[PDB]
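Colleague: Sharing a structure here in structure tokens format.
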Amino acid sequence: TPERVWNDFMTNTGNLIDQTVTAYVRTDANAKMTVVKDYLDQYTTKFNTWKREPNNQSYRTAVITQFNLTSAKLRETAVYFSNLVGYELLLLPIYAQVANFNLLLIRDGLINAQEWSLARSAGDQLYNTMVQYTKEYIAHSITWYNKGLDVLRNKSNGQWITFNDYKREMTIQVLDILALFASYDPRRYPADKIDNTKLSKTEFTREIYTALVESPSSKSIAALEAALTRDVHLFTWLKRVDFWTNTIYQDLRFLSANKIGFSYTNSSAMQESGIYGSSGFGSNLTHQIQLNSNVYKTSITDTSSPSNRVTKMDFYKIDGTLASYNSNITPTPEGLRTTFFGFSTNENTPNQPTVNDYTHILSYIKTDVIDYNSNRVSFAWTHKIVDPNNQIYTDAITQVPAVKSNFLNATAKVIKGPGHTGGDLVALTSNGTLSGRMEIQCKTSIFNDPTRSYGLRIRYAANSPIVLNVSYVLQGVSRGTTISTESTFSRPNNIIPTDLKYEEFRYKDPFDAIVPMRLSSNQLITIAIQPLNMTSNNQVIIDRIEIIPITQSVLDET
Amino acid sequence: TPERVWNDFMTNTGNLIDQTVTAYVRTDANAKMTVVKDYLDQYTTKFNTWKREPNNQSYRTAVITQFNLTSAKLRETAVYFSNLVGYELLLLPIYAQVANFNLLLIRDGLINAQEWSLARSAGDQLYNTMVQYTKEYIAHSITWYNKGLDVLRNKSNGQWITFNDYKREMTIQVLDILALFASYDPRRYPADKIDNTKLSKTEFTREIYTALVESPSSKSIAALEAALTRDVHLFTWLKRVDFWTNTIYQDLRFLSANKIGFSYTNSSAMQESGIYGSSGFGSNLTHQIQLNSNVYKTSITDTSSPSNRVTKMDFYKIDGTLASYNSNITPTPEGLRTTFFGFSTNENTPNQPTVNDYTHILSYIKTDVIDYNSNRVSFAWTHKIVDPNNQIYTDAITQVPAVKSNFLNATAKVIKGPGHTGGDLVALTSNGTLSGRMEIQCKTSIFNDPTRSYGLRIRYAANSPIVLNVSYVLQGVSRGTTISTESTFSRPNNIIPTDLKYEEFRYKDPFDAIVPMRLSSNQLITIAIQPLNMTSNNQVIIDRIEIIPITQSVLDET
Amino acid sequence: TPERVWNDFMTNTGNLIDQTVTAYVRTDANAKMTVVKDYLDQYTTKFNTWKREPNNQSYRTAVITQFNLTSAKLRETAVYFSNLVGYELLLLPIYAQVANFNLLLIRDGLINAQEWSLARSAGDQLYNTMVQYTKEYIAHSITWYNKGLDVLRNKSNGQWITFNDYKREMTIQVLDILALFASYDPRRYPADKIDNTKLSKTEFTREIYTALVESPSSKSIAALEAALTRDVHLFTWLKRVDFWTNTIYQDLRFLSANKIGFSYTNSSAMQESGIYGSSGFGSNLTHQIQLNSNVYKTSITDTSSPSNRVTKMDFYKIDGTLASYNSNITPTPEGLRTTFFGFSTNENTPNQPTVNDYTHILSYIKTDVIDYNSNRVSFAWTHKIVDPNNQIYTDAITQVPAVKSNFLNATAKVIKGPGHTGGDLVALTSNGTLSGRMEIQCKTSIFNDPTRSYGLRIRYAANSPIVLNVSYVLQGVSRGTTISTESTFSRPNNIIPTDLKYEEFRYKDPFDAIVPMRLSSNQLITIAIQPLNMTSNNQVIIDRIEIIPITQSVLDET
Ligand SMILES: [Br-]
Ligand SMILES: [Br-]
Ligand SMILES: [Br-]
Ligand SMILES: [Br-]
Ligand SMILES: [Br-]
Ligand SMILES: [Br-]
Ligand SMILES: [Br-]
Ligand SMILES: [Br-]
Ligand SMILES: [Br-]
Ligand SMILES: [Br-]
Ligand SMILES: [Br-]
Ligand SMILES: [Br-]
Ligand SMILES: [Br-]
Ligand SMILES: [Br-]
Ligand SMILES: [Br-]
Ligand SMILES: [Br-]
Ligand SMILES: [Br-]
Ligand SMILES: [Br-]
Ligand SMILES: [Br-]
Ligand SMILES: [Br-]
Ligand SMILES: [Br-]
Ligand SMILES: [Br-]
Ligand SMILES: [Br-]
Ligand SMILES: [Br-]
Ligand SMILES: [Br-]
Ligand SMILES: [Br-]
Ligand SMILES: [Br-]
Ligand SMILES: [Br-]
Ligand SMILES: [Br-]
Ligand SMILES: [Br-]
Ligand SMILES: [Br-]
Ligand SMILES: [Br-]
Ligand SMILES: [Br-]
Ligand SMILES: [Br-]
Ligand SMILES: [Br-]
Ligand SMILES: [Br-]
Ligand SMILES: [Br-]
Ligand SMILES: [Br-]
Ligand SMILES: [Br-]
Ligand SMILES: [Br-]
Ligand SMILES: [Br-]
Ligand SMILES: [Br-]
Ligand SMILES: [Br-]
Ligand SMILES: [Br-]
Ligand SMILES: [Br-]
Ligand SMILES: [Br-]
Ligand SMILES: [Br-]
Ligand SMILES: [Br-]
Ligand SMILES: [Br-]
Ligand SMILES: [Br-]
Ligand SMILES: [Br-]
Ligand SMILES: [Br-]
Ligand SMILES: [Br-]
Ligand SMILES: [Br-]
Ligand SMILES: [Br-]
Ligand SMILES: [Br-]
Ligand SMILES: [Br-]
Ligand SMILES: [Br-]
Ligand SMILES: [Br-]
Ligand SMILES: [Br-]
Ligand SMILES: [Br-]
Ligand SMILES: [Br-]
Ligand SMILES: [Br-]
Ligand SMILES: [Br-]
Ligand SMILES: [Br-]
Ligand SMILES: [Br-]
Ligand SMILES: [Br-]
Ligand SMILES: [Br-]
Ligand SMILES: [Br-]
Ligand SMILES: [Br-]
Ligand SMILES: [Br-]
Ligand SMILES: [Br-]
Ligand SMILES: [Br-]
Ligand SMILES: [Br-]
Ligand SMILES: [Br-]
């Protein structure tokens, strides 16, 4: 009775013999990871010892020696996990973990390169290695994530639920990790002087989905994907959920449709979605629930046969309250079942997190009719790490993904991210006359200084040197500048890239230590980016803007 | 046809597929050990080269580099062997071997820490590592030894013979190794100046058993354990074996009972055991064999159906002679079989060692009646390393386990060892009025000095700071001192601990370089330990006393 | 459906379970090799960096550290691959690759020993390691190559084709690699000053065979080996192929016999072989093909039932032309099939190399009658690396195997090589009166100097200190010298050794920097070796002569 895991479908699972060997591969892999962790423990112990007495030659030699051994072991393990043919997909999650550790360790070596070396500045070679490895690890992960996706997508009578299960697990266990790599570059993101383990916080803006779907389903993966998931969009915050009920027959009252009230980041306007489901004759709006608090867990109750006839949905809010949709069907139907959805750090409570261990909050709901009275209901979730105020930290580089903008003009649109950026991107294009414009509103933190200086950096991709107008508005007053992008990528026929690589993202600093943004305490800042007279084939794709506190160190570095 | 090993019962052995994978795990483990040994060979080669020319910077650098690589490899392998889930028990023996090598190597690094390092005294961190690893390796080994033991103990219709086979093999292949770890501490046991590989000799005082038991047996594991093994006791030396025979019917003369004549270490008194078996009507004492020489091999002859009707037993002595029990049954019964018992270093002659390769000697025999004329017969064995004279070496630290005492008062008793000390312990307690007292007689070696100085150290465990009266008698004259123990452990309700940990054993030196024991050549020394007015809840548990030659080095160190 | 490989016959292949585990072993081995290659990549990258700025202490430290880690990993992997019991033969090819890499890396360390070390001359210990490893790797490879050979040789109803397939694959994948090891010794073959990767070119003179044999065949392995392969001989070059056809019945015209016209290296004489096959009544010589250009691919066409009735053979020459044998049978028989033979670097075109990727050329053909009109036809192949002019390079040590001689007297004979020298050897013995003499003609390259000096070295094995007369003839003038061999080996009854070990081959320099060979440009040089009054039990076995350009470096070194 070999154990089965969600990502073992590319191995031979048709027989007990192969399944047993696969089980061994997993067991050996875990043992190798325990060895990796022991090497890391040895490094940390010697590192801490050295830090307490930096001038001790013996401590210095010991940590350098351990750094070299541990670094070699991490790299070797990543190579092994990505080169055991036939098990690439199976080992992708553990590979991502070791790759993650490998890069974090190298970051440590770069931070202390000067102190450890005698000639100093010997971090150049190690830096090139870090960049090379970052590219390799992301490339391998994206390649295999997509290979597995294609396998499930083209599977005969493929089931969408399995396809989605895969995307969700890969996002949580692999893709989210890849998104952290950019922040590990210590030259791009200097380490906190007091606590080197601190990192510029990376946000994962992508949405993952959970859904109640009939099983088996005869609807295609493509059809269900379009009906149950959202097309690319600016990050939204869930504010209200409307529900319709079929009310013609009281003993057959079930959910019939839903609508969503939502808002963009730091926007005072309420957006309204279209209606999902059936809202015609006999289907009436019966509920309008204001979700004033984040929802960290939901449950849905439906009949078993026929399935998917929904009588209730519960929404658990972080403020401890519960909101619910009830069809008020009477009498109560037979065979009701309740399914929970949510994400927890506790492996023991998979779909039932508590207010203390949830990792995602509800962002959307879509209803898709199967037959009269029966529907598939999907729940979209966003990572709890996303800041609803686009707050600018006083003590670290603040990352604010471009999808958290609250304004896009006609030639600015959200496009699908490549998979390693943590979410989607904003493409600024030109129809020949109008150039794409994005506006993102951020909130400064509370501080005593009359004003503080901050640099403004942009992580982007561009297919040509394009002049950008970048500005920031504070208290009705706008200040701007111009800066040109470099050509970071090229694609045949200049089609919007769906496969941007890590190396195709670069950085530009419209505002810096010389001419920084001068911001006051606890104010709403409007930052805007818009190309200046750009051609119809030129493209500027923004991943995120970054706000950099201008300190003495940043000043000298610049 | 996968190979089966005594300790693979915790793996899935119900099918050929799992058995085949398990066979591979064993094969890969052996290959990893061969790699470990090659790393050790490389270290030794470079070490020897450096030793011949210590000042050669190139040799010094080479051995340090190899030490670091080999040390890393040994640790990594120990971690792997203890973290391959589902194979912990299977790999315990090989894990013990690598753990053993890992600690011996670290000992080497500590011994040469000063010469190899440039700042010197850099052995502190390495020392902490050695202590940490020692605790980890013992903990893992004891945990799994006991898990496997419980599995066999609670097995439906469990067979005692399998249970005992397991304890015996685990003792020889794992537990005995753990007992050596304490002696590897170079701060506690300074390395011999001439030959660093020399170690303070550790004695394994535990008894292992072999037995002729009917198969299958309907008697419980608990019942057979009590009937075939000995309750905790001071170490004894086998001096005489008495045998009874059922003599009513000449054609049915078989072994019916046995008694043992034994002596404590360096005791001139002969102790007599109770009679084991049937000694009533028709059962008569027919043999009294004086075992003047150690027995290294035995054989027992019994009928096959019914089995266990014993007609003969042979005892092979190291002086080349043979002693035998013969029931004198006439005529000779049909279906006689002979079974040999013994322990050899030669894997080819399992139960039949020669006078040149035996590892254990006979210490006891117990008979347990199955039915009239049929008996189970157990043979107890002690390790040949145990010194029958408690001799004090002139050139090394002498270890003398407390169980080798020859006197215990009413409040002093032997208690079961935790499994990593090589045998049992002596607990000195108090009934409120009398405190436990133990006396151990040791023999000094032959030397020319009028008298030599020796320190006296005690490895013990205690649940409170208790004052101890420690003395030594030489030529009728007693000299003593007092020293207090430290609190090394605590247990709920102050119950005698059956699970003392390595860290719960500490050391105290009643006699040292300042005030040592002054002993003359080739004399019997009586050493005694007894708490001074101890409370009824206080406990002092002695593992062993150690005699330390007081040399210039020991003097300066103290 | 586990994959099957030619050298897995020593593993349990009788069932799917074992085959599946074996498949995993292969997959894991490939992953380990990918790790090995990554360690090598890291070394190379750091090496190149250091070379560009040798005085950079940081670069120097980095490459030394990587050298140590990578060297440790290569050795560890070689040990693992040779100590995974039950898989020695299966892993022999990959083991040879890692052993090869291990030695090449150590060579690198020796070359840069002085620059990397601070005390210098620290290469002695590393050199001993290299020699030790070379002996170990060759010993393991030869031992297992022969074990596998014996298994196939003594297989019930053993098939010669399988036996030969094995010898051929082992030669290409293992034996040829072993032959390179001698040249890796940097003390024996100093590295090229400009490009350290350059090596003294080693020639593999052995022949491998391909053949069309009936299947199954009732003829023994020994019988077919004798009938289809050549007895030991001096290296020969294929010049002409003669073919006989059975011509009595026009509708049954098939190949009946063949003869070979060949020449020794740099010999103006044409040698004629005996006739192989049937050449009596009804069998007539119909073809005499002059092979003026090397043949890199052949094909043979025969009927299917009965099989082996040959109607055509095509010979693809490197000059782009095609020569063919045609039986002219009429009408064309039914069931004709065509089989191709050849060796390519392209794994996709196994038996069909192109003029751009072939690795071997045709050296011989033998025909063996099965029944009237049906024959087995074997094709012998020599490695394309063999120089047809025994050219003496101007810029490197030239190796010229003794089998490339073109003259041997009565007491000089070719003997079977041990398997690690790349081919056979020349044994110079004595019948008491005449001592063996070998003559090899080499061509100097084109250069402008009136004359250049070259040392002459001999790689040999000898069972006693024997005086050798060594001479070289240039433009009719002979110059000679005498030098004695050392005793390098001993065998019972002084039987010609069939198992010479690496350590049993040593070197002697008849001509050196002091008294070198003085050769002019583009001339044919005749080099001869012949013992001086040698006893009947003395033996001098020559592997190869080596010509050494006498440069300033060689002069100072000598
Ligand atoms: Br799973
Ligand atoms: Br697949
Ligand atoms: Br160190
Ligand atoms: Br890739
Ligand atoms: Br930078
Ligand atoms: Br930094
Ligand atoms: Br820190
Ligand atoms: Br779901
Ligand atoms: Br779910
Ligand atoms: Br559909
Ligand atoms: Br949508
Ligand atoms: Br949008
Ligand atoms: Br609202
Ligand atoms: Br509500
Ligand atoms: Br749950
Ligand atoms: Br606009
Ligand atoms: Br704040
Ligand atoms: Br304002
Ligand atoms: Br401005
Ligand atoms: Br610019
Ligand atoms: Br600009
Ligand atoms: Br392009
Ligand atoms: Br950049
Ligand atoms: Br300003
Ligand atoms: Br345009
Ligand atoms: Br066994
Ligand atoms: Br179990
Ligand atoms: Br070294
Ligand atoms: Br444990
Ligand atoms: Br100590
Ligand atoms: Br020491
Ligand atoms: Br020593
Ligand atoms: Br037994
Ligand atoms: Br036994
Ligand atoms: Br019982
Ligand atoms: Br007892
Ligand atoms: Br006792
Ligand atoms: Br007696
Ligand atoms: Br006797
Ligand atoms: Br035996
Ligand atoms: Br007393
Ligand atoms: Br003595
Ligand atoms: Br006395
Ligand atoms: Br006293
Ligand atoms: Br004290
Ligand atoms: Br005291
Ligand atoms: Br307690
Ligand atoms: Br202590
Ligand atoms: Br005294
Ligand atoms: Br008391
Ligand atoms: Br194959
Ligand atoms: Br075999
Ligand atoms: Br380095
Ligand atoms: Br060998
Ligand atoms: Br040499
Ligand atoms: Br060289
Ligand atoms: Br080079
Ligand atoms: Br062939
Ligand atoms: Br072939
Ligand atoms: Br035959
Ligand atoms: Br021949
Ligand atoms: Br010949
Ligand atoms: Br010709
Ligand atoms: Br032709
Ligand atoms: Br082909
Ligand atoms: Br001659
Ligand atoms: Br030339
Ligand atoms: Br001439
Ligand atoms: Br001459
Ligand atoms: Br000589
Ligand atoms: Br000579
Ligand atoms: Br010999
Ligand atoms: Br030599
Ligand atoms: Br001359
Ligand atoms: Br002679």
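Please note that chains go A, B, ... in the order of the structure tokens, that every chain numbers its residues from 1, and that ligands are numbered from 1 in the order shown.
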Excluding residue B:412 and its own-chain neighbours fewer than 5 positions away, which residues fall within 6 Å of it when counting only C-alpha atoms? Please give them as a compact mmCIF listing (two decimals) with N, CA and C atoms, in the first residue's frame.
Modeller:
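out.txt, freshly written:
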# COMPACT_ATOMS: atom_id res chain seq x y z
N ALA B 427 23.00 1.34 43.27
CA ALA B 427 22.27 2.44 43.88
C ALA B 427 22.48 2.44 45.39
N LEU B 428 22.94 3.57 45.92
CA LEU B 428 23.16 3.71 47.35
C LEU B 428 22.01 4.57 47.84
N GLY B 436 23.37 3.36 52.00
CA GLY B 436 23.99 2.31 51.20
C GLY B 436 25.51 2.37 51.15
N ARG B 437 26.13 1.21 51.26
CA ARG B 437 27.58 1.10 51.23
C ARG B 437 28.02 0.02 50.25
Colleague: As a quick test: using only C-alpha atoms and all ligand atoms, which residues lie no more than 10 Å away from ligand 31? Give them as a list in words.
Modeller: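 Using only C-alpha atoms and all ligand atoms, I find these residues within 10 Å of ligand 31: residues 107, 108, 109, 110, 111, 112, 113, 185, 186, 187, 188, 189, 190, 191, 192, 193 and 196 of chain B.
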Colleague: Based on the backbone DSSP call, show me all residues of stretch 368-552 of chain B assigned strand (DSSP E or B), as an NGL selection string.
Modeller: :B and (368-371 or 374-383 or 391-392 or 398-401 or 407-408 or 412-415 or 425-428 or 430 or 435 or 438-444 or 452-462 or 467-474 or 477-484 or 506-511 or 517-519 or 524-531 or 540-549)
Colleague: With a distance cut-off of 12 Å and only C-alpha atoms, select the neighbouring residues of residue A:156, excluding the residue or stretch itself and same-chain residues fewer than 3 positions from it, and output the selection as a list in words.
Modeller: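 The filter keeps residues 150, 151, 152, 153, 159, 160, 218, 220 and 221 of chain A.
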Colleague: Residues of chain C within 12 Å of chain A, using only C-alpha atoms, as a ChimeraX atom specification?
Modeller: /C:1-2,15-43,45-50,55-66,68-70,72-73
Colleague: Please, could you write that set of residues out with C-alpha atoms as a tab-separated table (two decimals), in the first residue's frame?
Modeller:
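The new file selection_12.tsv reads:
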chain	number	residue	atom	x	y	z
C	1	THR	CA	8.53	-2.37	-18.62
C	2	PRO	CA	12.02	-1.77	-17.11
C	15	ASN	CA	11.79	-10.79	-12.62
C	16	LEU	CA	10.15	-7.38	-12.98
C	17	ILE	CA	10.76	-6.41	-9.35
C	18	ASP	CA	14.54	-6.73	-9.52
C	19	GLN	CA	14.63	-5.15	-12.98
C	20	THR	CA	12.77	-2.13	-11.62
C	21	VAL	CA	15.22	-1.68	-8.75
C	22	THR	CA	18.10	-2.01	-11.20
C	23	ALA	CA	16.52	0.72	-13.33
C	24	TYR	CA	16.49	2.96	-10.27
C	25	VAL	CA	20.16	2.24	-9.56
C	26	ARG	CA	20.99	3.42	-13.08
C	27	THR	CA	18.86	6.55	-12.70
C	28	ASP	CA	20.44	7.44	-9.36
C	29	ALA	CA	23.90	6.81	-10.81
C	30	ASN	CA	23.24	9.26	-13.64
C	31	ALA	CA	22.08	11.86	-11.11
C	32	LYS	CA	25.29	11.33	-9.13
C	33	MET	CA	27.27	11.86	-12.34
C	34	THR	CA	25.42	15.12	-13.03
C	35	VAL	CA	26.44	16.23	-9.53
C	36	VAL	CA	30.04	15.23	-10.32
C	37	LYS	CA	29.94	17.30	-13.49
C	38	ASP	CA	28.59	20.30	-11.59
C	39	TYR	CA	31.49	20.03	-9.13
C	40	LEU	CA	33.82	19.94	-12.12
C	41	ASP	CA	32.12	23.00	-13.62
C	42	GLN	CA	32.63	24.89	-10.38
C	43	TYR	CA	36.29	23.91	-10.39
C	45	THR	CA	35.11	28.32	-13.49
C	46	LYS	CA	37.27	29.15	-10.49
C	47	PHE	CA	40.37	27.78	-12.22
C	48	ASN	CA	39.86	30.02	-15.25
C	49	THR	CA	39.31	33.02	-12.97
C	50	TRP	CA	42.55	32.31	-11.12
C	55	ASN	CA	48.46	36.70	-8.02
C	56	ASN	CA	44.95	37.37	-6.71
C	57	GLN	CA	44.99	35.71	-3.28
C	58	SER	CA	41.19	35.42	-3.24
C	59	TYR	CA	41.13	33.63	-6.60
C	60	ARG	CA	43.94	31.34	-5.51
C	61	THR	CA	42.17	30.41	-2.28
C	62	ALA	CA	38.89	29.85	-4.14
C	63	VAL	CA	40.34	27.44	-6.70
C	64	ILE	CA	42.29	25.47	-4.08
C	65	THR	CA	39.15	25.14	-1.97
C	66	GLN	CA	37.12	24.00	-4.96
C	68	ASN	CA	39.74	19.95	-2.61
C	69	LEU	CA	35.95	19.69	-2.59
C	70	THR	CA	35.64	18.53	-6.19
C	72	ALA	CA	36.84	14.62	-2.66
C	73	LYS	CA	33.54	14.26	-4.51
Colleague: What's around residue C:332 at 12 Å? Count only C-alpha atoms, leave out sequence neighbours fewer than 2 positions away in its own chain, and write the answer as an MDAnalysis selection string.
Modeller: chainID C and resid 250:254 301:303 310:312 326:330 334:336
Colleague: What does the structure give for the distance between atom CA of residue A:464 and atom CA of residue A:405, in Å to one decimal?
Modeller: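 Between atom CA of residue A:464 and atom CA of residue A:405 the gap works out to 23.6 Å.
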Colleague: Hey, which residues come within 7 Å of ligand 15 if we count only C-alpha atoms and all ligand atoms? Could you give them as a PyMOL selection string?
Modeller: chain A and resi 348-352
